[PDB]
Structure formats: C-alpha cells, structure tokens
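Let me begin by presenting the structure, written as structure tokens, before commenting on it.
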Amino acid sequence: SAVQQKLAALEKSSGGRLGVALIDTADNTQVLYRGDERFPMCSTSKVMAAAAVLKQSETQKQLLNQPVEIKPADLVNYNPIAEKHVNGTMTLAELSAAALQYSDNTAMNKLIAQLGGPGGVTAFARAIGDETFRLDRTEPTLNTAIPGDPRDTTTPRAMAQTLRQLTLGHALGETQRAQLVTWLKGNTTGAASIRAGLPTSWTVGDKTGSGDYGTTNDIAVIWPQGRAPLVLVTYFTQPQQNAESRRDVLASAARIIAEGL
Ligand SMILES: *[B@@]1([O])O[C][C]([C][O])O1
C-alpha cells in the first residue's frame with residue numbers, strides 16, 4: 001500500500017532495519033512492516049515485567065505495597081530513580097513506575113527477581129498467548145542487541161497484539177489494567193519518539209527502548225480525540241555497534257501511519 005511504500009522509503013533513507021506494527025482497534029485491522037522479524041526489545045521489555053507483577057497482585061492484593069530494599073550492589077548502569085533510594089526501600093509499585101516511566105534498569109532487575117528470573121517474565125508472556133516474546137537476560141546485558149541474536153527479542157506483530165491485550169483487552173484485572181495505562185500515559189522518555197509524529201491532541205502511553213547497534217524502539221497505545229484507540233509498535237536497529245539513537249525515525253514512522261487514517 002501507500003503506507004508500506006513510505007515506510008520502506010523511510011527505512012531506506014535511515015540505513016537501518018525498521019519494524020512496525022499498527023493495530024487499529026476500530027476494525028481490528030493491522031498494518032505491518034517487517035512485522036514477523038525479530039528485533040531486540042531493549043527497555044520495551046519492561047512493560048512485560050511490570051504487567052507480570054500486576055498479574056501477581058490480582059491474587060496477592062497487597063503485593064504492590066511490598067517494600068523492596070535498594071542496595072548499592074543492585075545499581076547497574078542507568079538507575080535514575082533507584083539511585084534516589086539507595087540504602088532505602090521502594091515498593092513494587094514504585095519500582096514498576098520507575099521501570100516504565102524512567103526506564104530505570106535497577107527497577108527492572110528487581111521486577112525480574114520478583115518473578116523468579118527472566119524465565120518468569122517469559123512465562124507470563126506465554127500465559128497471555130504471546131509465543132514470541134523471550135526474555136533471556138537481566139539489565140544491562142539484555143540491551144546488547146547483537147544482529148541475529150534471538151535473545152531478548154520479539155516481533156512487532158507479537159508485541160502489538162500483546163500490548164493491546166494488556167492495555168485495551170483483559171489480560172489483566174480491571175484495576176491492574178487501569179494502573180498500567182496510567183503508568184504508560186505518564187512516561188517521561190517518549191517525547192522525541194512516536195509522540196513526536198502524532199497530533200498534539202492525541203493522548204499517548206508509550207515505553208521507549210534503546211540499546212547497542214543504535215537500537216531505538218517505542219511501543220505505544222494511542223487514544224485519538226473521538227476515535228477508537230490504536231496500538232503502534234516501532235522497532236529500529238542499525239548495522240554499526242556504536243550507531244547513535246534515531247528517535248526521529250520512530251517519529252517519522254508514526255507520522256506516516258497517522259497520515260494514512
Ligand atoms: B532501556 O532500553 O531504556 C534505557 C535503558 C538504557 O540501558 O534501557
């Protein structure tokens with residue numbers, strides 16, 4: 001279609017590999033570009049860790065208020081929020097918020113630990129019907145984004161369907177779902193990514209990811225004013241290990257998608 005021609009052209013102009021999946025919940029139509037190719041998730045995986053903990057809280061009703069100690073040894077490479085609570089505690093709710101809204105890597109590692117390891121995060125994905133997601137490592141090594149390495153990858157199509165189920169569907173309880181949406185809507189790291197390609201009147205909840213090989217990702221739920229919501233996943237990775245982030249590519253893909261509606 002027109003939109004696939006333009007996404008192909010954008011990809012060609014960028015020098016990298018672009019993966020896009022859009023789900024329009026109005027008619028359950030999908031637009032896919034490299035939709036079944038694997039991409040490194042980087043920090044977009046944090047949505048799955050947070051949702052898994054939310055699912056646990058449906059039975060352990062007080063789980064999110066459980067304090068978790070932040071020790072110096074827990075600190076890894078990017079801990080904007082956990083750093084503020086070293087030698088203190090954060091609740092599982094505060095860690096989930098920090099992982100999602102600030103992409104805090106220490107928070108993510110605490111969520112993985114709560115789930116019994118990366119296998120516990122992957123297990124939740126399987127439980128909600130995502131056969132494609134795989135989490136293999138903890139922070140920060142899950143961001144190595146090595147070409148062809150299947151570790152810590154998913155496909156755009158799979159992530160779009162799963163994000164739809166978590167935020168708009170009923171993979172989570174009503175309170176848990178609302179909490180996840182609130183967290184995503186309050187993301188602080190997404191201004192230059194999908195959000196930048198869309199009308200300012202639209203409400204967006206998203207989770208960015210960045211990693212080696214110039215990997216630049218964003219997954220978003222989008223609420224246009226007076227219109228059915230959309231789920232948009234944009235994955236981008238590059239051939240040079242030290243390539244710079246290209247958030248502009250995600251903005252541009254979002255703009256191209258938005259134009260076609
Ligand atoms: B994710 O990708 O977002 C930021 C951090 C950097 O390691 O991980």
Side-chain angles (χ1 to χ4, degrees), residues 1 3-4 6-8 10-11 17-52 54 100 121-122 124-135 150 152-172 177 180-181 183-185 187 190 193-198 202-210 215-224 227-237 247 249-261:
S1 69
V3 174
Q4 284 185 318
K6 287 160 78 140
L7 294 173
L10 174 64
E11 181 180 62
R17 184 171 61 100
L18 175 68
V20 179
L22 168 85
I23 301 167
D24 188 343
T25 63
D27 49 357
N28 291 0
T29 56
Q30 298 193 350
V31 176
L32 297 171
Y33 189 82
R34 300 189 189 278
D36 296 313
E37 297 196 17
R38 281 187 177 270
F39 290 82
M41 287 182 286
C42 302
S43 289
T44 62
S45 57
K46 293 172 173 150
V47 174
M48 195 67 27
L54 284 169
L100 294 176
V121 182
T122 304
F124 172 71
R126 300 290 180 275
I128 65 170
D130 184 331
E131 298 260 30
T132 302
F133 175 101
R134 54 181 290 176
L135 195 75
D152 306 303
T153 63
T154 193
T155 65
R157 182 210 293 272
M159 190 59 103
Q161 295 169 335
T162 290
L163 188 59
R164 183 200 180 150
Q165 276 301 91
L166 294 176
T167 57
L168 300 171
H170 290 270
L172 302 170
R177 183 181 70 152
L180 182 64
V181 166
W183 281 336
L184 293 176
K185 284 176 174 179
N187 186 36
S193 301
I194 287 175
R195 286 170 196 264
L198 303 181
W202 292 11
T203 304
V204 184
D206 81 295
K207 178 73 197 85
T208 56
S210 63
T215 299
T216 314
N217 305 332
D218 199 12
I219 67 180
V221 184
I222 304 160
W223 291 271
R227 201 227 181 265
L230 310 154
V231 181
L232 177 60
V233 163
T234 55
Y235 281 98
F236 183 72
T237 194
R247 281 177 226 98
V249 167
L250 312 187
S252 287
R255 191 176 299 104
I256 285 160
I257 299 293
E259 283 169 356
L261 294 167

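What's counted below: heavy atoms across the whole structure, side chains too, no hydrogens, waters or symmetry copies. The residues of the chain are indexed from 1 along the displayed sequence.
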Euclidean distance, [Y] [atom2] relative to [X] [atom1], rounded to 0.5 Å:
X: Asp36; Y: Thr132; atom1: CG; atom2: OG1; value: 8.0 Å
X: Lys207; Y: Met41; atom1: NZ; atom2: CE; value: 12.5 Å
X: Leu172; Y: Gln165; atom1: CG; atom2: CD; value: 9.5 Å
X: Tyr33; Y: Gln4; atom1: OH; atom2: CD; value: 8.5 Å
X: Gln30; Y: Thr25; atom1: CD; atom2: OG1; value: 12.0 Å
X: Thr154; Y: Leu163; atom1: OG1; atom2: CG; value: 11.5 Å

Quick one: do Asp24 and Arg227 satisfy side-chain contact (heavy atoms from CB on, under 4.5 Å)? Show the steps, please. CA-CA 10 Å; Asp24 188 343; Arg227 201 227 181 265; 2.4 Å; yes
In the structure I gave you, are the side-chain heavy atoms of [X] and [Y] within less than 4.5 Å of one another anywhere?
X: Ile23; Y: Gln161; value: yes
X: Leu184; Y: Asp206; value: no
X: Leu180; Y: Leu166; value: yes
X: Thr216; Y: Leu250; value: yes
X: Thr208; Y: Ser193; value: yes
X: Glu259; Y: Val3; value: no
X: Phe133; Y: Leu135; value: yes
X: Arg177; Y: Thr167; value: no

Do you know the tightest heavy-atom contact between [X] and [Y]?
X: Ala50; Y: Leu100; result: CB-CD1, 3.9 Å
X: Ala258; Y: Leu198; result: CB-CD2, 3.9 Å
X: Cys42; Y: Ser210; result: CB-O, 3.4 Å
X: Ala160; Y: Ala21; result: CB-CB, 3.8 Å

Just wondering, are more than 12 heavy atoms of other shown residues or ligands nearer than 6.0 Å to CZ in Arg195? yes
Any side-chain donor paired with an acceptor under 3.5 Å for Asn217 and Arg247? no
Cation-pi geometry met for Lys185 and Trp223 (6.0 Å, 45°): yes
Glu131 side chain vs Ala125 backbone, donor-acceptor pair below 3.5 Å: no
For the backbone of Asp130 and the side chain of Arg126, can you confirm whether one donor and one acceptor N or O come within less than 3.5 Å of each other? yes
Just list the side-chain donor-acceptor pairs under 3.5 Å for residues 228-237, sequence neighbours left out, or say none.
from   : atom 1 : to     : atom 2 : distance (Å)
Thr234 : OG1    : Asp218 : O      : 3.2
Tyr235 : OH     : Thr44  : OG1    : 2.8
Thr237 : OG1    : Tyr213 : O      : 3.4
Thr237 : OG1    : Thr215 : OG1    : 2.8

Passes side-chain contact (heavy atoms from CB on, under 4.5 Å), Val20 versus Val31? Steps please. CA-CA 8 Å; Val20 179; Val31 176; 5.9 Å; no
Do any pairs count as a salt bridge (charged side-chain N to carboxylate O under 4.0 Å, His left out) and have a residue in residues 38-51, sequence neighbours left out, and if so which ones? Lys46-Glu139
Working for side-chain contact (heavy atoms from CB on, under 4.5 Å), residues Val204 and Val221: CA-CA 6 Å; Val204 184; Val221 184; over 6 Å; no
Less than 4.0 angstrom from a charged side-chain N to a carboxylate O is my criterion; do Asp152 and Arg134 meet it? no
